[PDB]
């Protein structure tokens, strides 16, 4: 019995609305303020999701908060890509049921280039024929893909946990394939996909940080948790104190 998968499927977060007023014009202020609220809302689900993951509670409470604070961007973008793929077939960015981005909004949000990259990520799910099980194991692995260069409180258990989630992904690939070249080819493709998430998350990190600094001048509201994490944790990533863990060099 696939205990691990049972857990991942059982704890997968449901639908989250942004609360966007689709009646008012597509302004930068409105679009970004709603994206910020969506983030605040999804942050709640990411925390509950993570705490329910196999072995996560073995991490020191401070490390638990740390990995979530550093990896949320990538986690949310990856799940959004999956939603877009399965809903609008990756043709539009399905941030939330009430906040779907078309080309016009991509331009209005002033993050069109970033949206293009997210669309590409979304299309990869289709191009690679990623299964729901692969998606779930890969997403779980993204939580363990960014840490401080100086290490975590109990780095050793984080290392064991990360290793186990890699083992589970490899297992999911092999649990559906007999050929070694196929398994090896698939593992290569998926680790490459995971790596591609980081550059995108990085651009969004830089973008949201800059936006926070002058949010008062462009009329963009940042919720409490988002504001705290973006001014305290994000700068640690942008300054090089916290770095992603890539599979490939």
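In this text, the rigid core denotes the largest set of C-alpha atoms whose superposition between the two forms falls within 1.5 Å. Numbering follows the first chain given and starts at 1.
Superposing the other copies on the rigid core and comparing 178 to 186 to 197 to 205, farther C-alpha placement in 7 other deposited structures of this protein marks 178 to 186. Relative to its counterpart among 188 to 196 and 214 to 222, 214 to 222 has the higher mean temperature factor, C-alpha atoms as listed in the PDB entry. Relative to one another, 171 to 179 and 128 to 136 have unequal mean CA B-factors, and 171 to 179 is the one with the higher figure. In this structure the maximum Cα B-factor among 69, 58, 42, 34 is found at 58.
For the set 143, 96, 76, 149, the maximum C-alpha B-factor listed in the entry falls on 149.
Split the chain's modelled residues into thirds by C-alpha temperature factor. Residue 92 is in the highest one.
Per the deposited record, the Cα B-factor of residue 240 falls in the lowest third when ranked against the other modelled residues of its chain. Split the chain's modelled residues into thirds by C-alpha temperature factor. Residue 83 is in the lowest one.
In the PDB entry, residue 153 places in the highest third of its chain by CA B-factor.
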